[PDB]
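Data block for target_0.cif (mmCIF, N, CA and C atoms and all ligand atoms):
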data_start
loop_
_atom_site.label_atom_id
_atom_site.label_comp_id
_atom_site.auth_asym_id
_atom_site.auth_seq_id
_atom_site.Cartn_x
_atom_site.Cartn_y
_atom_site.Cartn_z
N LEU A 7 0.83 -1.26 0.00
CA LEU A 7 0.00 0.00 0.00
C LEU A 7 0.84 1.27 0.00
N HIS A 8 0.28 2.36 -0.50
CA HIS A 8 0.98 3.67 -0.47
C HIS A 8 0.09 4.84 -0.23
N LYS A 9 0.69 5.88 0.26
CA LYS A 9 -0.06 7.08 0.57
C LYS A 9 -0.01 8.08 -0.56
N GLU A 10 -1.13 8.69 -0.85
CA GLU A 10 -1.27 9.67 -1.96
C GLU A 10 -1.83 10.95 -1.38
N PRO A 11 -1.43 12.10 -1.93
CA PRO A 11 -1.95 13.34 -1.41
C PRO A 11 -3.35 13.56 -1.75
N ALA A 12 -4.03 14.32 -0.88
CA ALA A 12 -5.40 14.77 -1.17
C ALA A 12 -5.67 16.00 -0.36
N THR A 13 -6.71 16.74 -0.73
CA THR A 13 -7.07 17.99 -0.07
C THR A 13 -8.46 17.92 0.49
N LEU A 14 -8.60 18.22 1.77
CA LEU A 14 -9.92 18.31 2.33
C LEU A 14 -10.75 19.42 1.71
N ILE A 15 -11.92 19.04 1.21
CA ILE A 15 -12.95 20.04 0.86
C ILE A 15 -13.88 20.33 2.06
N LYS A 16 -14.45 19.27 2.66
CA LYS A 16 -15.43 19.45 3.78
C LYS A 16 -15.49 18.13 4.57
N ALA A 17 -15.38 18.19 5.90
CA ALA A 17 -15.70 17.03 6.73
C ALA A 17 -17.24 16.91 6.89
N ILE A 18 -17.79 15.74 6.58
CA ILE A 18 -19.22 15.55 6.63
C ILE A 18 -19.68 15.01 7.99
N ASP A 19 -19.02 13.94 8.45
CA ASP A 19 -19.27 13.42 9.78
C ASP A 19 -18.05 12.66 10.29
N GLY A 20 -18.22 11.71 11.21
CA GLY A 20 -17.07 11.05 11.77
C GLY A 20 -16.26 10.26 10.76
N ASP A 21 -16.93 9.69 9.77
CA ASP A 21 -16.24 8.73 8.89
C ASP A 21 -16.42 8.99 7.42
N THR A 22 -16.91 10.18 7.05
CA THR A 22 -17.19 10.52 5.65
C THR A 22 -16.75 11.95 5.36
N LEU A 23 -16.00 12.15 4.26
CA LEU A 23 -15.40 13.43 3.94
C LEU A 23 -15.64 13.74 2.49
N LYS A 24 -15.60 15.02 2.15
CA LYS A 24 -15.49 15.42 0.75
C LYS A 24 -14.02 15.83 0.56
N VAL A 25 -13.37 15.28 -0.47
CA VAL A 25 -11.94 15.36 -0.69
C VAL A 25 -11.67 15.77 -2.17
N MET A 26 -10.68 16.62 -2.43
CA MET A 26 -10.19 16.77 -3.80
C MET A 26 -9.12 15.73 -4.05
N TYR A 27 -9.36 14.78 -4.97
CA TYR A 27 -8.38 13.70 -5.19
C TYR A 27 -8.06 13.68 -6.66
N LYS A 28 -6.78 13.89 -6.94
CA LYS A 28 -6.30 14.05 -8.32
C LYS A 28 -7.15 15.09 -9.05
N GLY A 29 -7.41 16.19 -8.39
CA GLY A 29 -8.08 17.31 -9.06
C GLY A 29 -9.57 17.16 -9.29
N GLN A 30 -10.19 16.14 -8.68
CA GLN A 30 -11.62 16.01 -8.78
C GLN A 30 -12.25 15.83 -7.39
N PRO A 31 -13.37 16.54 -7.16
CA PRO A 31 -14.06 16.35 -5.85
C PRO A 31 -14.75 14.99 -5.74
N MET A 32 -14.57 14.35 -4.61
CA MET A 32 -15.09 13.01 -4.38
C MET A 32 -15.56 12.92 -2.94
N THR A 33 -16.45 12.01 -2.65
CA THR A 33 -16.74 11.70 -1.26
C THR A 33 -15.87 10.48 -0.93
N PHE A 34 -15.26 10.52 0.26
CA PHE A 34 -14.51 9.34 0.76
C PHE A 34 -15.10 8.83 2.05
N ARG A 35 -15.02 7.53 2.28
CA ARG A 35 -15.54 6.85 3.45
C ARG A 35 -14.34 6.15 4.08
N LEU A 36 -14.15 6.30 5.36
CA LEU A 36 -13.02 5.64 6.05
C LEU A 36 -13.18 4.14 6.05
N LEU A 37 -12.15 3.42 5.67
CA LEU A 37 -12.19 1.95 5.75
C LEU A 37 -12.23 1.47 7.19
N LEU A 38 -12.96 0.36 7.35
CA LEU A 38 -12.87 -0.51 8.54
C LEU A 38 -13.47 0.06 9.83
N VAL A 39 -14.17 1.15 9.74
CA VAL A 39 -14.70 1.83 10.98
C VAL A 39 -16.11 2.29 10.74
N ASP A 40 -16.86 2.46 11.82
CA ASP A 40 -18.13 3.07 11.71
C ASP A 40 -18.26 4.03 12.90
N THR A 41 -18.36 5.32 12.59
CA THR A 41 -18.75 6.31 13.61
C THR A 41 -20.28 6.40 13.74
N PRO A 42 -20.78 6.80 14.91
CA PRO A 42 -22.21 6.77 15.13
C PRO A 42 -22.89 7.71 14.19
N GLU A 43 -24.11 7.31 13.81
CA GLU A 43 -24.84 7.99 12.82
C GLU A 43 -25.26 9.37 13.31
N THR A 44 -25.20 10.33 12.41
CA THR A 44 -25.79 11.64 12.73
C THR A 44 -26.73 12.13 11.61
N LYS A 45 -26.73 11.44 10.57
CA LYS A 45 -27.46 11.79 9.33
C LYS A 45 -28.80 11.04 9.10
N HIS A 46 -28.74 9.74 8.80
CA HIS A 46 -29.90 8.95 8.40
C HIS A 46 -30.98 8.83 9.45
N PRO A 47 -32.24 9.03 9.08
CA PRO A 47 -33.30 8.83 10.05
C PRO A 47 -33.51 7.35 10.41
N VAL A 51 -29.92 10.49 15.35
CA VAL A 51 -28.65 10.98 15.94
C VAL A 51 -28.21 10.12 17.12
N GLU A 52 -27.14 9.36 16.92
CA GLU A 52 -26.71 8.33 17.84
C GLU A 52 -25.69 8.92 18.82
N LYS A 53 -25.67 8.38 20.01
CA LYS A 53 -24.73 8.90 21.02
C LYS A 53 -23.29 8.84 20.48
N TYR A 54 -22.53 9.89 20.77
CA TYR A 54 -21.16 10.13 20.27
C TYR A 54 -21.05 10.51 18.82
N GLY A 55 -22.15 10.49 18.08
CA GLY A 55 -22.05 10.91 16.64
C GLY A 55 -21.51 12.35 16.54
N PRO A 56 -22.09 13.27 17.29
CA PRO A 56 -21.60 14.63 17.21
C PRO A 56 -20.12 14.73 17.63
N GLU A 57 -19.75 14.07 18.72
CA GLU A 57 -18.35 13.94 19.13
C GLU A 57 -17.42 13.32 18.07
N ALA A 58 -17.83 12.22 17.44
CA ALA A 58 -17.02 11.64 16.39
C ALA A 58 -16.85 12.63 15.21
N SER A 59 -17.93 13.32 14.85
CA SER A 59 -17.83 14.30 13.74
C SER A 59 -16.89 15.40 14.06
N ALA A 60 -16.96 15.89 15.30
CA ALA A 60 -16.10 16.99 15.70
C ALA A 60 -14.64 16.58 15.75
N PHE A 61 -14.39 15.35 16.19
CA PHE A 61 -13.02 14.81 16.26
C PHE A 61 -12.37 14.70 14.86
N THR A 62 -13.11 14.14 13.92
CA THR A 62 -12.60 14.04 12.56
C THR A 62 -12.41 15.36 11.86
N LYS A 63 -13.39 16.23 12.01
CA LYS A 63 -13.30 17.61 11.50
C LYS A 63 -12.08 18.34 12.00
N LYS A 64 -11.85 18.27 13.31
CA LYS A 64 -10.76 18.99 13.89
C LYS A 64 -9.44 18.38 13.43
N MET A 65 -9.36 17.07 13.46
CA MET A 65 -8.12 16.40 13.14
C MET A 65 -7.69 16.70 11.69
N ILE A 66 -8.64 16.65 10.77
CA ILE A 66 -8.27 16.81 9.39
C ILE A 66 -8.20 18.28 8.94
N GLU A 67 -9.06 19.13 9.50
CA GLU A 67 -8.93 20.59 9.19
C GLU A 67 -7.63 21.18 9.67
N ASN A 68 -7.12 20.68 10.81
CA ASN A 68 -5.92 21.32 11.40
C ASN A 68 -4.62 20.72 10.84
N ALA A 69 -4.74 19.67 10.00
CA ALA A 69 -3.57 19.02 9.41
C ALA A 69 -2.74 19.92 8.45
N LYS A 70 -1.44 19.77 8.45
CA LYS A 70 -0.66 20.34 7.34
C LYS A 70 -0.90 19.61 6.01
N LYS A 71 -0.92 18.30 6.08
CA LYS A 71 -0.87 17.43 4.89
C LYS A 71 -1.88 16.32 5.11
N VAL A 72 -2.77 16.10 4.14
CA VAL A 72 -3.72 15.01 4.19
C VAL A 72 -3.37 13.99 3.10
N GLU A 73 -3.39 12.71 3.47
CA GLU A 73 -3.16 11.60 2.48
C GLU A 73 -4.21 10.57 2.57
N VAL A 74 -4.46 9.99 1.40
CA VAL A 74 -5.36 8.83 1.34
C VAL A 74 -4.60 7.58 0.92
N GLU A 75 -4.92 6.45 1.54
CA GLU A 75 -4.21 5.18 1.22
C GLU A 75 -5.29 4.17 0.91
N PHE A 76 -5.38 3.79 -0.36
CA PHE A 76 -6.30 2.71 -0.69
C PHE A 76 -5.76 1.38 -0.15
N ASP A 77 -6.69 0.44 0.06
CA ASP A 77 -6.28 -0.92 0.37
C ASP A 77 -6.06 -1.72 -0.92
N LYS A 78 -6.08 -3.04 -0.82
CA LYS A 78 -5.66 -3.91 -1.93
C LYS A 78 -6.79 -4.27 -2.90
N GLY A 79 -8.03 -4.03 -2.51
CA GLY A 79 -9.23 -4.35 -3.31
C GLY A 79 -9.96 -3.13 -3.84
N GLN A 80 -11.29 -3.17 -3.77
CA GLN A 80 -12.12 -2.11 -4.34
C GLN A 80 -11.69 -0.79 -3.77
N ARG A 81 -11.64 0.24 -4.62
CA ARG A 81 -11.32 1.56 -4.19
C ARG A 81 -12.49 2.45 -4.02
N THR A 82 -13.67 1.92 -4.38
CA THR A 82 -14.91 2.66 -4.12
C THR A 82 -15.99 1.71 -3.70
N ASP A 83 -16.96 2.26 -2.99
CA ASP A 83 -18.13 1.52 -2.59
C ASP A 83 -19.28 1.68 -3.63
N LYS A 84 -20.40 1.08 -3.27
CA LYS A 84 -21.55 1.10 -4.16
C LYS A 84 -22.19 2.50 -4.29
N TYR A 85 -21.84 3.43 -3.35
CA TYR A 85 -22.34 4.78 -3.41
C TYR A 85 -21.31 5.67 -4.12
N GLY A 86 -20.29 5.08 -4.77
CA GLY A 86 -19.27 5.93 -5.42
C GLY A 86 -18.25 6.55 -4.47
N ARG A 87 -18.30 6.22 -3.19
CA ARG A 87 -17.36 6.88 -2.25
C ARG A 87 -15.99 6.18 -2.35
N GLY A 88 -14.91 6.96 -2.35
CA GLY A 88 -13.53 6.36 -2.21
C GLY A 88 -13.46 5.65 -0.87
N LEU A 89 -12.77 4.54 -0.85
CA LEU A 89 -12.60 3.73 0.38
C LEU A 89 -11.12 3.80 0.74
N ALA A 90 -10.77 4.46 1.90
CA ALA A 90 -9.32 4.57 2.18
C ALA A 90 -9.06 4.66 3.65
N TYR A 91 -7.79 4.47 3.99
CA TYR A 91 -7.24 4.95 5.28
C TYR A 91 -6.80 6.36 5.04
N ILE A 92 -7.19 7.25 5.92
CA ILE A 92 -6.88 8.65 5.65
C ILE A 92 -5.98 9.14 6.78
N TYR A 93 -4.93 9.85 6.37
CA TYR A 93 -3.89 10.32 7.31
C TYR A 93 -3.83 11.81 7.36
N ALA A 94 -3.74 12.31 8.59
CA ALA A 94 -3.62 13.76 8.85
C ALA A 94 -2.20 13.92 9.47
N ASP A 95 -1.28 14.57 8.74
CA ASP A 95 0.13 14.63 9.24
C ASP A 95 0.66 13.31 9.71
N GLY A 96 0.38 12.27 8.92
CA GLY A 96 0.96 11.01 9.17
C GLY A 96 0.23 10.15 10.15
N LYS A 97 -0.84 10.70 10.77
CA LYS A 97 -1.60 9.94 11.77
C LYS A 97 -2.88 9.48 11.16
N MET A 98 -3.11 8.18 11.24
CA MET A 98 -4.32 7.64 10.59
C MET A 98 -5.56 8.06 11.36
N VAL A 99 -6.52 8.68 10.64
CA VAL A 99 -7.77 9.12 11.31
C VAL A 99 -8.61 7.93 11.72
N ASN A 100 -8.61 6.87 10.88
CA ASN A 100 -9.42 5.68 11.18
C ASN A 100 -9.00 5.11 12.55
N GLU A 101 -7.69 4.99 12.79
CA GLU A 101 -7.19 4.47 14.08
C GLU A 101 -7.46 5.44 15.19
N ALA A 102 -7.28 6.76 14.92
CA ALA A 102 -7.45 7.72 15.99
C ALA A 102 -8.85 7.68 16.58
N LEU A 103 -9.86 7.62 15.71
CA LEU A 103 -11.25 7.50 16.16
C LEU A 103 -11.46 6.24 16.98
N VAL A 104 -10.98 5.10 16.49
CA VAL A 104 -11.13 3.82 17.22
C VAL A 104 -10.46 3.90 18.61
N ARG A 105 -9.25 4.45 18.63
CA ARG A 105 -8.51 4.53 19.90
C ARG A 105 -9.21 5.37 20.98
N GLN A 106 -10.06 6.31 20.53
CA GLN A 106 -10.85 7.17 21.42
C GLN A 106 -12.22 6.59 21.79
N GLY A 107 -12.57 5.43 21.26
CA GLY A 107 -13.91 4.88 21.44
C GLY A 107 -14.94 5.77 20.78
N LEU A 108 -14.56 6.40 19.68
CA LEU A 108 -15.51 7.17 18.90
C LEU A 108 -15.89 6.47 17.58
N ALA A 109 -15.31 5.31 17.34
CA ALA A 109 -15.72 4.44 16.23
C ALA A 109 -15.52 3.04 16.64
N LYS A 110 -16.31 2.16 16.04
CA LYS A 110 -16.10 0.74 16.21
C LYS A 110 -15.46 0.24 14.94
N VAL A 111 -14.69 -0.83 15.05
CA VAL A 111 -14.25 -1.55 13.88
C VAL A 111 -15.49 -2.21 13.25
N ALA A 112 -15.65 -2.04 11.92
CA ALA A 112 -16.89 -2.44 11.22
C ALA A 112 -16.64 -2.51 9.72
N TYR A 113 -17.57 -3.17 9.01
CA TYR A 113 -17.60 -3.15 7.54
C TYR A 113 -16.31 -3.72 7.09
N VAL A 114 -15.93 -4.83 7.69
CA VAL A 114 -14.68 -5.46 7.33
C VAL A 114 -14.92 -6.38 6.13
N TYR A 115 -14.70 -5.84 4.93
CA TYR A 115 -14.88 -6.57 3.66
C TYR A 115 -13.53 -6.93 2.98
N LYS A 116 -13.14 -8.20 3.06
CA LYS A 116 -11.99 -8.72 2.33
C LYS A 116 -12.12 -8.43 0.87
N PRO A 117 -10.99 -8.09 0.20
CA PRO A 117 -9.62 -8.08 0.69
C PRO A 117 -9.18 -6.74 1.30
N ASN A 118 -10.09 -5.75 1.43
CA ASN A 118 -9.74 -4.45 2.09
C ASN A 118 -9.70 -4.58 3.61
N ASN A 119 -8.77 -5.38 4.10
CA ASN A 119 -8.64 -5.54 5.57
C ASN A 119 -7.21 -5.46 6.06
N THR A 120 -6.37 -4.76 5.33
CA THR A 120 -4.95 -4.78 5.69
C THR A 120 -4.68 -4.28 7.11
N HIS A 121 -5.38 -3.21 7.54
CA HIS A 121 -5.11 -2.68 8.86
C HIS A 121 -6.09 -3.17 9.89
N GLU A 122 -6.80 -4.27 9.61
CA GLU A 122 -7.80 -4.75 10.56
C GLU A 122 -7.22 -5.03 11.97
N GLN A 123 -6.12 -5.80 12.07
CA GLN A 123 -5.62 -6.18 13.40
C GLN A 123 -5.09 -4.98 14.17
N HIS A 124 -4.46 -4.03 13.45
CA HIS A 124 -4.00 -2.79 14.02
C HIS A 124 -5.16 -2.04 14.64
N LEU A 125 -6.25 -1.88 13.88
CA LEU A 125 -7.43 -1.20 14.42
C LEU A 125 -8.14 -1.93 15.57
N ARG A 126 -8.22 -3.27 15.47
CA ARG A 126 -8.81 -4.04 16.52
C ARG A 126 -8.03 -3.93 17.83
N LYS A 127 -6.72 -3.74 17.74
CA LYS A 127 -5.88 -3.57 18.95
C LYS A 127 -6.16 -2.23 19.61
N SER A 128 -6.32 -1.16 18.78
CA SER A 128 -6.74 0.09 19.32
C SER A 128 -8.15 0.03 19.94
N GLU A 129 -9.07 -0.69 19.29
CA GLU A 129 -10.41 -0.80 19.84
C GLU A 129 -10.37 -1.52 21.18
N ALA A 130 -9.57 -2.57 21.27
CA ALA A 130 -9.45 -3.29 22.52
C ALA A 130 -8.94 -2.42 23.69
N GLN A 131 -8.03 -1.49 23.39
CA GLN A 131 -7.52 -0.61 24.39
C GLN A 131 -8.58 0.40 24.80
N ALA A 132 -9.33 0.94 23.81
CA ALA A 132 -10.35 1.93 24.07
C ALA A 132 -11.45 1.29 24.97
N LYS A 133 -11.81 0.05 24.67
CA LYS A 133 -12.70 -0.75 25.52
C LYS A 133 -12.20 -1.00 26.93
N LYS A 134 -10.93 -1.40 27.07
CA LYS A 134 -10.31 -1.64 28.41
C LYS A 134 -10.35 -0.32 29.17
N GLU A 135 -10.20 0.80 28.45
CA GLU A 135 -10.18 2.13 29.09
C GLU A 135 -11.56 2.73 29.29
N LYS A 136 -12.59 1.99 28.85
CA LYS A 136 -13.99 2.42 29.01
C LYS A 136 -14.30 3.79 28.34
N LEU A 137 -13.65 4.07 27.21
CA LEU A 137 -13.80 5.40 26.55
C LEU A 137 -15.07 5.51 25.70
N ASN A 138 -15.84 6.59 25.95
CA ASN A 138 -16.90 7.09 25.03
C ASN A 138 -17.90 5.97 24.68
N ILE A 139 -17.86 5.38 23.50
CA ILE A 139 -18.81 4.28 23.17
C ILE A 139 -18.75 3.17 24.21
N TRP A 140 -17.60 2.98 24.83
CA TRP A 140 -17.35 1.84 25.74
C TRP A 140 -17.55 2.21 27.15
N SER A 141 -18.03 3.42 27.39
CA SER A 141 -18.21 3.88 28.76
C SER A 141 -19.56 3.47 29.36
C1 LIG A 201 -16.94 1.36 5.04
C2 LIG A 201 -17.72 0.64 3.90
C3 LIG A 201 -19.00 0.91 3.83
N1 LIG A 201 -19.69 0.31 2.79
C4 LIG A 201 -21.11 0.42 2.69
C5 LIG A 201 -21.76 -0.66 3.60
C6 LIG A 201 -23.01 0.04 4.04
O1 LIG A 201 -24.02 -0.13 3.00
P1 LIG A 201 -25.60 0.07 3.29
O2 LIG A 201 -25.84 1.51 3.43
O3 LIG A 201 -26.33 -0.47 2.05
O4 LIG A 201 -25.78 -0.67 4.56
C7 LIG A 201 -22.64 1.53 4.11
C8 LIG A 201 -22.19 1.87 5.53
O5 LIG A 201 -21.73 3.22 5.45
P2 LIG A 201 -22.15 4.41 6.46
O6 LIG A 201 -21.71 3.90 7.73
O7 LIG A 201 -21.51 5.64 5.92
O8 LIG A 201 -23.73 4.46 6.36
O9 LIG A 201 -21.51 1.66 3.22
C9 LIG A 201 -19.02 -0.48 1.88
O10 LIG A 201 -19.68 -1.03 0.92
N2 LIG A 201 -17.71 -0.66 1.94
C10 LIG A 201 -16.94 -0.15 2.96
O11 LIG A 201 -15.74 -0.49 3.06
CA CA A 202 -21.12 5.60 10.08
#
Step by step, read the file and then write its structure as structure tokens.
Amino acid sequence: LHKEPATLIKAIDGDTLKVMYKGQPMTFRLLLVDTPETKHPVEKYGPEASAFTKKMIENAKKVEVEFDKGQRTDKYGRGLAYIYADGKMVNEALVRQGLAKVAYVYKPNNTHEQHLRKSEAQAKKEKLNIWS
């Protein structure tokens, strides 16, 4: 896998962003995580997860997207990636805070699954947010 540059257009919620990627606006969805819903007919921690992702990616110097080994988009046309803000993966950061659960684990896009599950296990042991 490799990291590619991208530019934040707008953070939508905890796990969905609008991104300029190779000069075209796209919606991206974070791989392997699910932040609580705030859109579809508002789940506890959804507003917190949205604020965490917004802050983390808006305040970044450099944003990168890293596709996994399989599909690069979902059925809604969204890019599927690990997204990094100054080198720190947002998908892991949310999980480590108990603001996302590991979810939507679709092979072969599971390269960072064990890494994320280890962060989730710590967030659970620490009783953080969703796990409180
Ligand atoms: C994260 C992810 C979500 N999805 C789909 C599964 C879910 O479809 P359905 O909506 O049909 O259930 C939806 C969950 O995304 P959200 O959590 O943004 O709603 O996005 C993928 O197909 N691939 C992925 O890797
Ligand atoms: Ca979600």
Quiz item: From the list A:98, A:15, A:114, A:109, which residue is nearest residue 41 in chain A when using only C-alpha atoms?
Solution: A:109
What lies within 10 Å of residue 116 in chain A using only C-alpha atoms, ignoring chain neighbours under 5 positions off, as a PDB file with N, CA and C atoms, keeping the file's coordinate frame?
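Output contents, as saved in result05.pdb:
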ATOM      1  N   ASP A  77      -6.690   0.440   0.060  1.00  0.00           N
ATOM      2  CA  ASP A  77      -6.280  -0.920   0.370  1.00  0.00           C
ATOM      3  C   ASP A  77      -6.060  -1.720  -0.920  1.00  0.00           C
ATOM      4  N   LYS A  78      -6.080  -3.040  -0.820  1.00  0.00           N
ATOM      5  CA  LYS A  78      -5.660  -3.910  -1.930  1.00  0.00           C
ATOM      6  C   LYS A  78      -6.790  -4.270  -2.900  1.00  0.00           C
ATOM      7  N   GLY A  79      -8.030  -4.030  -2.510  1.00  0.00           N
ATOM      8  CA  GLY A  79      -9.230  -4.350  -3.310  1.00  0.00           C
ATOM      9  C   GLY A  79      -9.960  -3.130  -3.840  1.00  0.00           C
ATOM     10  N   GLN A  80     -11.290  -3.170  -3.770  1.00  0.00           N
ATOM     11  CA  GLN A  80     -12.120  -2.110  -4.340  1.00  0.00           C
ATOM     12  C   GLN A  80     -11.690  -0.790  -3.770  1.00  0.00           C
TER      13      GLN A  80
END
Quick one: 4 Å padding each side, axis-aligned, all listed atoms of range 51-68 of chain A - centre and edge lengths in Å to one decimal, as JSON?
{"center_x": -17.3, "center_y": 14.8, "center_z": 15.0, "size_x": 33.3, "size_y": 21.0, "size_z": 20.1}
Self-check item: Contacts of residue 69 in chain A within 8 Å, all atoms listed in the file, excl. fewer than 4 positions in-chain, as a list in words
Solution: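 The filter keeps residues 63, 64, 65, 93, 94, 95 and 96 of chain A.
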Practice problem: Identify which of the residues A:39, A:7, A:25, A:111 lies closest to ligand LIG 201 (chain A), counting all atoms listed in the file when measuring atom-to-atom distances. | Solution: A:39
Which polymer residues have any atom within 8 Å of an atom of residue 10 in chain A, counting only C-alpha atoms, with same-chain residues fewer than 6 positions away left out, as a short mmCIF file (atom, residue, chain, number, x, y, z; two decimals) with N, CA and C atoms, in the coordinates of the input?
data_model
loop_
_atom_site.label_atom_id
_atom_site.label_comp_id
_atom_site.auth_asym_id
_atom_site.auth_seq_id
_atom_site.Cartn_x
_atom_site.Cartn_y
_atom_site.Cartn_z
N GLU A 73 -3.39 12.71 3.47
CA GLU A 73 -3.16 11.60 2.48
C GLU A 73 -4.21 10.57 2.57
N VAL A 74 -4.46 9.99 1.40
CA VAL A 74 -5.36 8.83 1.34
C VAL A 74 -4.60 7.58 0.92
N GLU A 75 -4.92 6.45 1.54
CA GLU A 75 -4.21 5.18 1.22
C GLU A 75 -5.29 4.17 0.91
#
Exercise. Can you work out which one of A:47, A:88, A:107, A:42 has the shortest atom-to-atom distance to ligand CA 202 (chain A), counting all atoms listed in the file?
Key: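 Using all atoms listed in the file, the shortest distance to ligand CA 202 (chain A) belongs to A:42.
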Proximity of range 18-72 of chain A to range 120-134 of chain A: per-residue shortest pair, 12 Å limit, only C-alpha atoms, as CSV:
residue,atom,partner,partner_atom,distance
A:36,CA,A:121,CA,11.8
A:37,CA,A:121,CA,9.0
A:38,CA,A:122,CA,6.9
A:39,CA,A:125,CA,8.6
A:40,CA,A:125,CA,11.8
Quiz item: Can you tell me how far atom N of residue 9 in chain A sits from atom C of residue 55 in chain A, in Å to one decimal?
Solution: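 Spanning atom N of residue 9 in chain A to atom C of residue 55 in chain A is a straight-line distance of 28.3 Å.
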Exercise. Counting all atoms listed in the file, write as a list in words all protein and nucleic acid residues lying at most 6 Å from (-7.3, 14.8, -0.4) in the file's frame.
Key: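 The requested residues, written out, are residues 11, 12, 13, 14, 25, 26, 27, 72, 73 and 74 of chain A.
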Exercise. State, in Å with one decimal place, the distance from CA of residue 135 in chain A to CA of residue 110 in chain A.
Key: 14.2 Å
Quiz item: In Å, how far is it from atom N of residue 82 in chain A to atom N of residue 57 in chain A?
Solution: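 Atom N of residue 82 in chain A sits 26.8 Å away from atom N of residue 57 in chain A.
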Quiz prompt | Nearest candidate to residue 51 in chain A (options A:91, A:136, A:118, A:19; using only C-alpha atoms) | solution =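 Looking only at the distances to residue 51 in chain A, the closest residue turns out to be A:19.
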Quiz item: Between A:89, A:103, A:108, A:18, which has the minimum distance to ligand LIG 201 (chain A) (counting only C-alpha atoms and all ligand atoms)?
Solution: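 That would be A:89, the residue with the smallest distance to ligand LIG 201 (chain A).
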Can you put N, CA, C and O atoms back into range 58-71 of chain A and show it as a tab-separated table (two decimals), in the frame of the given file?
chain	number	residue	atom	x	y	z
A	58	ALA	N	-17.83	12.22	17.44
A	58	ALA	CA	-17.02	11.64	16.39
A	58	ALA	C	-16.85	12.63	15.21
A	58	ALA	O	-15.74	12.77	14.66
A	59	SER	N	-17.93	13.32	14.85
A	59	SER	CA	-17.83	14.30	13.74
A	59	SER	C	-16.89	15.40	14.06
A	59	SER	O	-16.12	15.83	13.22
A	60	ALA	N	-16.96	15.89	15.30
A	60	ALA	CA	-16.10	16.99	15.70
A	60	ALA	C	-14.64	16.58	15.75
A	60	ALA	O	-13.73	17.36	15.34
A	61	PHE	N	-14.39	15.35	16.19
A	61	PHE	CA	-13.02	14.81	16.26
A	61	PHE	C	-12.37	14.70	14.86
A	61	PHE	O	-11.31	15.26	14.60
A	62	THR	N	-13.11	14.14	13.92
A	62	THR	CA	-12.60	14.04	12.56
A	62	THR	C	-12.41	15.36	11.86
A	62	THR	O	-11.35	15.64	11.27
A	63	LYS	N	-13.39	16.23	12.01
A	63	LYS	CA	-13.30	17.61	11.50
A	63	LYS	C	-12.08	18.34	12.00
A	63	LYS	O	-11.31	18.85	11.19
A	64	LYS	N	-11.85	18.27	13.31
A	64	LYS	CA	-10.76	18.99	13.89
A	64	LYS	C	-9.44	18.38	13.43
A	64	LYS	O	-8.52	19.09	13.06
A	65	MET	N	-9.36	17.07	13.46
A	65	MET	CA	-8.12	16.40	13.14
A	65	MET	C	-7.69	16.70	11.69
A	65	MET	O	-6.52	16.94	11.39
A	66	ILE	N	-8.64	16.65	10.77
A	66	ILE	CA	-8.27	16.81	9.39
A	66	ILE	C	-8.20	18.28	8.94
A	66	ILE	O	-7.33	18.64	8.18
A	67	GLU	N	-9.06	19.13	9.50
A	67	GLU	CA	-8.93	20.59	9.19
A	67	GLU	C	-7.63	21.18	9.67
A	67	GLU	O	-7.07	22.05	9.02
A	68	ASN	N	-7.12	20.68	10.81
A	68	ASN	CA	-5.92	21.32	11.40
A	68	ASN	C	-4.62	20.72	10.84
A	68	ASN	O	-3.53	21.23	11.12
A	69	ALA	N	-4.74	19.67	10.00
A	69	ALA	CA	-3.57	19.02	9.41
A	69	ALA	C	-2.74	19.92	8.45
A	69	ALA	O	-3.32	20.70	7.67
A	70	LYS	N	-1.44	19.77	8.45
A	70	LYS	CA	-0.66	20.34	7.34
A	70	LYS	C	-0.90	19.61	6.01
A	70	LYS	O	-1.08	20.20	4.92
A	71	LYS	N	-0.92	18.30	6.08
A	71	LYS	CA	-0.87	17.43	4.89
A	71	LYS	C	-1.88	16.32	5.11
A	71	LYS	O	-1.86	15.64	6.17
